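Coordinate analysis (summary)
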Amino acid sequence: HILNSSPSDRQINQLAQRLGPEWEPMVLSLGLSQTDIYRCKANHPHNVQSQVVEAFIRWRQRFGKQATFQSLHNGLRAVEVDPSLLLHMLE
Amino acid sequence: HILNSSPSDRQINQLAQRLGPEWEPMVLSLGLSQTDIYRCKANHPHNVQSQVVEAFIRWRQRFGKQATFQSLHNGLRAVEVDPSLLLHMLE
Amino acid sequence: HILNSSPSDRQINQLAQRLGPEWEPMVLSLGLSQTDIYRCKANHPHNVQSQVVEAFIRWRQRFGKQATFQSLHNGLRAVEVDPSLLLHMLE
Amino acid sequence: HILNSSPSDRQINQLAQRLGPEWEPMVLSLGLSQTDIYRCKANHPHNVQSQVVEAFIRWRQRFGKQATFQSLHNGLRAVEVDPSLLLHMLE
Amino acid sequence: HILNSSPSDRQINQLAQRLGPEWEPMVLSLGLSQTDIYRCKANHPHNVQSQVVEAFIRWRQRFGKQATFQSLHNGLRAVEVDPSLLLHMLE
Amino acid sequence: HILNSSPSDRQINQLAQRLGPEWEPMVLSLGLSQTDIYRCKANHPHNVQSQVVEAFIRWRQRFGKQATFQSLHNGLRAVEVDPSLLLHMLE
Amino acid sequence: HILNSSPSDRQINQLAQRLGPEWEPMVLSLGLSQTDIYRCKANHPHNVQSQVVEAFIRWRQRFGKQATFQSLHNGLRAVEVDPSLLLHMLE
Amino acid sequence: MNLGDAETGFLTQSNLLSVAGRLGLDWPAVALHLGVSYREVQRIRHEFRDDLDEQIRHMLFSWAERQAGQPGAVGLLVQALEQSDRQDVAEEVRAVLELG
Amino acid sequence: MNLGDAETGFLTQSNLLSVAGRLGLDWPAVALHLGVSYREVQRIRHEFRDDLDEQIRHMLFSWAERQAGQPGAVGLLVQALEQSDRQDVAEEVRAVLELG
Amino acid sequence: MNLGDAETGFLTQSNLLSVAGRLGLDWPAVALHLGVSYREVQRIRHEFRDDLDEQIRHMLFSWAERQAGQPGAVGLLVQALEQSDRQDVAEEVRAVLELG
Amino acid sequence: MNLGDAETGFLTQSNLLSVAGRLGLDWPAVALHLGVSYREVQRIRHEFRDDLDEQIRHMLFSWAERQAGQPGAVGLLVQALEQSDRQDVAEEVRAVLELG
Amino acid sequence: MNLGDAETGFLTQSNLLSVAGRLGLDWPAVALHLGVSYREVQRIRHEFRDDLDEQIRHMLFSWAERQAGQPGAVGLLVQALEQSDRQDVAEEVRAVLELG
């Protein structure tokens, strides 16, 4: 229904806030490479939040129309985390 | 009485000094989550002090007026530490 | 041409999720010394996930064409890890 | 005597050189907040020398007169570090 | 023949993309100095991509004709990387 | 003849590459302080390789003329390491 | 008479090397408690070398008096380490 | 500058200036939640790369200018600060604001 | 705007302008793939050090200026954005552009 | 300038310059705190972008003028510098304000 | 381009130009022991925020002007470089300085 | 223009432009190694602060003029490009020469 639309800037920010270490593994099962992540940590040495958010803007950009919640969901699971975040963060 | 006000950054830092590995359990029973812990650890990979100080900061920042010296007190028992630390870090 | 091609950054992100403290003996059985061990371990102190994932990126960059999916099976057998965990991540 | 004056642009630069991991806990007990520090860190990503100076320039520009070597002496002590450091960069 | 040739603005740009945190070591063994690399991180503080890009321009300039795809190839191995990047980026 | 000259950056690079976790002691034994290290770790949080490279540059720059291959050798030994390194990188 | 004179940055790094896995139980009689050793294992998770090296650094910022080279006899052998290592490291 | 109405209360420059002061490297959050594009957060990080204080400042005061007319202004900020995990700061604003 | 061709379609000032608005610090990546001299990127980055937008816009429109005549520059642009990892915008460009 | 009444104390351009030159990039703090509009801090900055020192002066004097007559307009300068975390220059202005 | 007497030795531009190329992100450290104010180190870091090089050249050469005559202008520089934990470049400078 | 004699080497307005354009933000170095003082680099930069091309071209021809007949002029440009890590350019010249 909405699992086909891409997350917004603000939305990526909220998602990011709720991810711990699993973000790295996550973005991998999503389409980025060690390089992309390294370039994220690169651009925001101090402060992780900013790293993660970029990683995601990174993702959503490389996959345009395809970088969607559906994809996000599948990734969240691939990294063993409840896809509840999505639904709840959507209220 | 002073118990009903949040500690300053100097105060926090002094506490961050007299705390050992139990700080994590403590900040947990205080309201933070295993996530906030990791980010604190990830924001200061080298330098433990900074981790603890940021956790507690995050703690104060999340609960605002409710992050009181009373909580710190409780937080200490929570993790079985003698509450007089708060005293000898207020003199 | 399945056991002659190297895996991607998504796959290694899996062969690292489901593994125990015995991955190190397994990553040395491919061409990594104690210089690459005290490194993948150093560039990621907290979040052992990316520690394991880099051990392999350190593995596929030093071998390239000869770093086949057969090589990641050469160690599995030599560490008690059933050689069938490479097909459950591709089914 | 000099005990009640204020370190200069050059003297600070000196002090900075010799301080390490505790430069953060030091400037906290001097009057800076955790937010000041993030500004230093951020305003000088690569390079800690530059960070620690801004840290001290702030502290002197905030407490003007009251930013004496006396203050620094206590601080150093406070942050568990030989107070003689001030003696060595004053010759 | 194309080996004893110098990469173009376009090609340096492309190659830079592929490179991870091992660019520093690659440019070091290619002729640039620790003093040069800093000039790169400084000029583009939070954009590793353009850092790596200036670095190879610096290089191609410092050594002129001496800076050939060939010598570029050696740099890749010397830092533990698959020199096939050069071909998968030249199609 | 050559043992009384300081190592270039292209060298210190290869030296650091082949050093594991023992580098920490080796440099404290070469003249730097624990402090100098934190600064190196501080300046390159994500990427140990660099921490070392910088750690050595500080050394060379601090001592200049005296930071000679000869001095490194003793360092290598003093930290129970096979001096074959110098004789190796020098090929 | 060097029995009443503390060590240094190159001395403390020589005693830290030889000391076996008893660098935790040895400091449990010299003057370091539990918020001290677990404050070193933390700052440096990996490299069990610099953890021991940051412990004796606490032997000159908190002690200094009954902690020089004479309190190194009742401490080393207070954990199965004959105090003759004091003479063979002072050569 | 000219934030809020008579009923809710107003926000002086000194106030907004105080918020910018309590913000750190989490500025981008408050900005995203305030509905600023990510593309823009980045753009600001550039125009003032050497000065954090100014980026935190420019972000605020520019959003301030934008919402110069709007009513729910001071409301949106407080909410954004809440969601950025700074109840901390949300309460100071609600407080100063206490007067209408 | 004279960027395109009668069969495929043309882009309007505002269309490119959108592309410019959606690019950020990555712009150089695009510009170089678009085949711009690193010296030109270098220059522009200097002539407008303070204004990020102006860099992106000048780069983009100068490039359009040069490709004016040409056969398929909208293709080069779509490809360059795709190789700069901005499928993101490449698609946004195909959408409008693709009319003919 | 004529900044200062016989009561409080005066302030010569020489005293004003003593200030402008002791101020860094935190100028906009001092500015905004003196009630200086942010579009003015914005305008001033740009209208002299290449010369930092001309900014700190144009801002400080343009404002020193608007305070033609006015009471403790000198106290305003001092209080601003004070909430701009610069007791630094605040006390130097108190010291110079030691004429009688 | 005019430092030192014949007793001590001189320092061409090619000379100081290199002393500059030999300095990195520690330039501020040097110019501080040289006598430059943090206020001015900052004024410079800002005027060339997108060019580390010109930041350093401008730093040194602008200090070379203000040194036009004086006694051991060159002696001081060597002193700073040492004082800035760079026995490294302290020695080369003394080297090339051999002629008097 | 008319740089170099009928032997040493020839460099026409053409060639001089070829170089001018091939330089960029590092020109102050080439100029500094060529002899020009930091005061003139400064002046040329302020007489065209925004237009880079002109700064370069004006600086190179200003010097071209001065080295009128002078023999070792061409070789001096070359020795200057080399000292500014632009072997890059230094070879463009070495080749343009071996045609006369």
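This deposited entry lists X-ray crystallography as its structure determination method and 3.2 Å as its resolution.

Along the backbone of chain H there are six helices and two strands. Put simply, chain H runs from its N terminus to its C terminus through helices and strands in the order β-β-α-α-α-α-α-α. Relative to a compact globule of 100 residues, whose C-alpha radius of gyration would be 13 Å, chain H shows 13 Å and is just as compact. Across its three principal directions, the C-alpha atoms of chain H cover 40 × 25 × 20 Å. Carbon and sulfur atoms make up 51% of the accessible area of chain H, which totals about 3800 Å².

Our focus in this paragraph is the overall build of chain A. Counting its secondary structure elements, chain A contains six helices and zero strands. For chain A, the C-alpha radius of gyration of 12 Å lies close to 12 Å, the compact-globule estimate for 91 residues. The principal-axis extent of the C-alpha atoms belonging to chain A is close to 35 × 25 × 25 Å. Burial status across chain A gives 64% buried among its 91 residues. Of all intrachain contacts in chain A linking residues separated by at least 6 positions in sequence, the fraction that spans at least 24 positions is 67%. Total accessible area computed for chain A in this model is approximately 3600 Å², and 49% of it derives from carbon and sulfur atoms. Charge separation in chain A, taken as the distance between the mean sites of 9 positive and 8 negative side-chain charges, equals 8 Å.

What follows covers helix α5 (residues 74-82) of chain L. Residues and elements named next belong to chain L. Listed in full, the buried residues belonging to α5 are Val 74, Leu 77, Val 78, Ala 80 and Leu 81. Around the axis of α5, the buried residues are gathered within 160° of arc, so they sit on the same side. Turning to α5, the residues buried within the fold contact α1 (13-22), α2 (27-34), α4 (52-66) and α6 (87-97).

Before going further, it helps to spend a moment on the side chain of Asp 36 of chain B. Residues and elements named next belong to chain B. Within the secondary structure, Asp 36 is located in helix α3 (residues 34-43). Side chain to side chain, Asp 36 and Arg 62 meet in a polar contact 3.1 Å long. Contacts of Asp 36, omitting those with residues within four sequence positions, involve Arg 58 and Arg 62.

Here we come to unusual backbone geometry. Phi at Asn 47 of chain D is positive, roughly 95°, even though this residue is not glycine. One can find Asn 47 of chain D in the loop between α3 (34-43) and α4 (48-63). Owing to a relative accessible area of 13%, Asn 47 of chain D belongs among the buried residues under this scheme. The backbone phi angle of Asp 85 of chain J is positive, close to 50°, even though this residue is not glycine.

Turning to the nonpolar core, a few remarks are in order. Grouped together as the largest cluster of nonpolar side chains are 120 residues, with contacts concentrated most on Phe 56 of chain A together with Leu 81 of chain H. Non-local contacts of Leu 81 of chain H, meaning those with residues more than four positions away in its chain, are made with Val 19, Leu 23, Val 30, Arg 86, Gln 87, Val 89, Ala 90 and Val 93 of chain H. Ranked by size, the runner-up nonpolar core spans 114 residues in total, among them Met 26 and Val 53 of chain E together with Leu 30 and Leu 32 of chain F.

Residue and element names in this part refer to chain B. Enumeration over the complete set of coordinates arrives at 87 salt bridges over all chains. Of the charged contacts in the structure, one is a salt bridge between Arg 62 and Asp 36, with a shortest N-O distance of 3.1 Å. Placement of the pair is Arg 62 in helix α4 (residues 48-63) and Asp 36 in helix α3, with a sequence separation of 26 residues. Since its relative accessible area comes to 9%, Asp 36 is described here as buried.

The closest approach of any C-alpha atom in chain A to one in chain G is 17 Å; the two make no contact. A minimum C-alpha distance of 17 Å separates chain F and chain H, which share no contact.

Now for the packing of helix α5 (residues 73-83) of chain I against helix α6 (residues 87-97) of chain I. Residues and elements named next belong to chain I. The N-to-C vectors of α5 and α6 enclose an angle of 155°; their axes lie 7 Å apart at closest approach. As far as their axial angle goes, α6 and α5 are roughly antiparallel. Relative to α6, α5 is oriented so that their crossing is left-handed. Counted together, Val 74, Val 78, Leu 81 and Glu 82 of α5 and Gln 87, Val 89, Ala 90, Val 93, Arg 94 and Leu 97 of α6 form the full contact between these two elements. Residue composition of the contact of α5 with α6, by class: seven nonpolar, one polar and two charged.

All right, on to the packing of aromatic side chains then. Inspection of the entire model under this criterion finds eight aromatic pairs over all chains. Ring geometry for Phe 56 of chain D versus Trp 59 of chain D: centroids 6.1 Å apart, planes at 75°, classification edge-to-face. Of this pair, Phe 56 of chain D and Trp 59 of chain D both sit in helix α4, three residues apart, which is roughly one turn of the helix. Looking at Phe 56 of chain D, the relative accessible area reads 1%, which means it is buried. Across the ring face of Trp 27 of chain H, the terminal group of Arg 45 of chain H is positioned such that the distance to the ring centre comes to 5.0 Å.

Before going further, it helps to examine the side chain of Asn 43 of chain D. Topologically, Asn 43 of chain D is positioned in helix α3. Reaching out from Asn 43 of chain D, the side chain makes a polar contact with the backbone nitrogen of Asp 51 of chain H at a distance of 3.4 Å. Those residues within four positions of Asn 43 of chain D in sequence are excluded, and the remaining contacts are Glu 54 and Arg 58 of chain D together with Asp 50, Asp 51 and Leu 52 of chain H.

It is worth spelling out the packing of α4 of chain D against helix α3 (residues 34-43) of chain F at this point. Interaxial distance between α4 of chain D and α3 of chain F falls to 9 Å at its minimum, and their mutual angle equals 100°. One finds that α4 of chain D runs roughly perpendicular with respect to α3 of chain F. For the pair α4 of chain D and α3 of chain F, the contacting residues are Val 48, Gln 49 and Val 52 of chain D in the first and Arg 39, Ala 42 and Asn 43 of chain F in the second. Broken down by class, the residue content of the contact of α4 of chain D with α3 of chain F amounts to three nonpolar, two polar and one charged.

Before going further, it helps to examine the interface of chain F and chain G. With 15 residues of chain F in contact, the opposing surface of chain G contributes 11 residues. For the pair chain F and chain G, the two sides together bury roughly 960 Å², of which 48% comes from carbon and sulfur. Of all residues in chain F, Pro 25, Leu 28 and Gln 34 of chain F bury the most surface against chain G, accounting for 44% of the area lost on that side. In this assembly, chain F and chain G are joined by zero salt bridges. Where chain F touches chain G, the interface holds five residue pairs in polar contact. Considering every element that reaches the side of chain F that touches chain G, the biggest residue donor is helix α2 (residues 23-28) of chain F, with four residues.

Procedures and definitions
- Residues numbered from 1 in each chain as written, not as in the entry; some residues may be left out.
- Chains lettered and ligands numbered in written order.
- Heavy atoms only, no water.
- Helix = DSSP H or I, 4+ residues; strand = E, 2+ residues; numbered from the N terminus.
- Rg over C-alpha atoms; globule rule 2.2 N^0.38 Å.
- Areas by Shrake-Rupley, 256 points an atom, 1.4 Å probe, with all protein chains shown as cover.
- Buried < 20%, exposed > 50% of the residue type's maximum accessible area, 1.4 Å probe, protein only.
- Contact = heavy atoms within 4.5 Å.
- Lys, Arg positive; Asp, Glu negative; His and termini not counted.
- Charge placed at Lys NZ, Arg CZ, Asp CG, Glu CD.
- Arc of directions from axis to C-beta.
- Polar contact = N/O pair within 3.5 Å; in protein donor to acceptor, adjacent residues only side chain to side chain.
- Core = buried A, V, L, I, M, F, W, Y, C linked by side-chain atoms within 4.5 Å.
- Salt bridge = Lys/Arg side-chain N within 4 Å of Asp/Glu carboxyl O.
- Axes fitted to C-alpha atoms, helices over the stretch in contact; angles between N-to-C directions.
- Parallel < 35°, antiparallel > 145°, perpendicular 65-115°, else oblique.
- Left-handed = near helix turned anticlockwise from the far one by under 90°.
- Nonpolar A, V, L, I, M, F, W, Y, C, P; charged D, E, K, R; others polar.
- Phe/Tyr/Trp six-rings, centres within 6.5 Å; stacked < 30°, edge-to-face > 60°.
- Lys NZ or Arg CZ within 6 Å of the ring centre and 35° of its normal.
- Buried area = accessible area lost by both parts, 1.4 Å probe.

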